[PDB]
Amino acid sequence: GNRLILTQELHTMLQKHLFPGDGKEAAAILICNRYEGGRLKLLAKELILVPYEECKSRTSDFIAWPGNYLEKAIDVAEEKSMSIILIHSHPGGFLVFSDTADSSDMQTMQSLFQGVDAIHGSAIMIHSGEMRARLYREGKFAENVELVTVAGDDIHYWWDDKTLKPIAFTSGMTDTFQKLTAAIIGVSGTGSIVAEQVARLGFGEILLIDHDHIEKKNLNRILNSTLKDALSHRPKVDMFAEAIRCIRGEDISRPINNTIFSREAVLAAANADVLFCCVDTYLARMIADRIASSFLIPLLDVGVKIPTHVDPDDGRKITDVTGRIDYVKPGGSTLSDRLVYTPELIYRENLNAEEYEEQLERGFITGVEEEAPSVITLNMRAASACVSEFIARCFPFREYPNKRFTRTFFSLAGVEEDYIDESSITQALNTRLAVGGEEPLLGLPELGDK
């Protein structure tokens, strides 16, 4: 099932342009990249607004605008064969005119194909923001876009089969999730709990990405794991995919036995509607961050920690028992912006054995991990808040705007929970945004082809 995905920033700007308040139609042009994996994803990259003053007519059910903007679109799209989607206010009637000639809706779509050998489309927005889109192959009407979506502070799904919105926890929530793909990156302490919830909430397809295996030491944490799994060092994703098959009675999960830092895993995850990042390295969190930005996928990143310290009188004790949940929307602040990873953290984490021995010998590191062992109670407390966060954003039920909860930190030792609003986070330049699978994949030469 294909997708047209807009960022919240582009959608807001589009809706102000198409509904200035005068009740007259307006026109704009969306230039998109594409991901052609298990589903066609159209990734909104650039927007061209047709100024009202350069339109020959603007009425309540029609508009005539100049074809020179069509040619500006083609020009932007030409190099990378980008897809071009014309958008118009709710009725949708329009024509394009040149200095000497008029072209209908269909003539315009054919000229788009003539200028760019690629899929193109035509979309309509209603005053409240919802969108519908039709695709054209070879300049000729083809299929409707099944899902137009914006993952903002709230997550909006505008389905081609729409005929009220459901409320959280009801059959209508399940009906929505049944049509979505979820990717769980890291299927261990938190990730097995996230994947369990996702499966039992009725998600239609579930990607499982992890390179590690069940051992005796993680039977205290990984849901559905057994002593028999541990004795055979069963891969985490294969164990969990077979448990989902038994739970759901259906083969709806795709186990990827590999690191997320692989072409196999990145290209599988790019098909998802939502990423749940439950990893335990800074490096993996950067890969997830760049997938989310490149392919316009909302991202929920969850981390836990039980730091300890040495009290000078009493010895070692627990410093905090803590969890962190980060919601990252396409075009909003990223995990990088929030310093969830940095170059220094990634560099320090990935030293080889002779480097570790040298660091110890020179006194740069102590060789003490100032944390207590992970525990299922904290993992579950974090993973349940993580999946509830997606529910809250798809089906708002809170008494405050979801934007207030872009970051959550909770302390079970200090018995406190704090929230950080998206507006307080500084955003850097986001060079991955909506580039999809441009090579090198995610901008990482280790992921380039061949």
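Numbering starts at 1 and follows the sequence shown.
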Practice task
Using what the record says, work out whether there is a hole in the model between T163 and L164 and how many deposited residues it spans (none, 1 to 3, 4 to 9, 10 or more).
Solution key: 1 to 3
Problem - Entry-level comparison of average CA B-factors, 85-93 and 174-182, reporting the higher stretch - result: 85-93
Handout entry: Given 219-227 and 153-161, the range whose Cα B-factors average higher in the PDB entry
Key = 153-161
Practice task
For the C-alpha B-factor as written in the entry, point me to the maximum among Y347, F113, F276, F169.
Solution key: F113
Fill in the blank from the handout: Top Cα B-factor in this entry, restricted to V145, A265, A195, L300, sits on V145
Problem - Third of the chain's Cα B-factor distribution that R200 belongs to, per the entry - result: lowest
Practice task
Select lowest, middle or highest to describe the third in which the CA B-factor of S384 falls within its chain in this entry.
Solution key: lowest
Practice task
Within this chain's modelled residues, let me know which third the CA B factor of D421 belongs to: lowest, middle or highest.
Solution key: middle
Exercise for the section: Name the third of the chain's ranked CA B-factors that contains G414, choosing lowest, middle or highest. Expected result: lowest
Practice task
Classify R404 as lowest, middle or highest third according to the C-alpha B-factor given in the PDB entry, relative to its own chain.
Solution key: middle
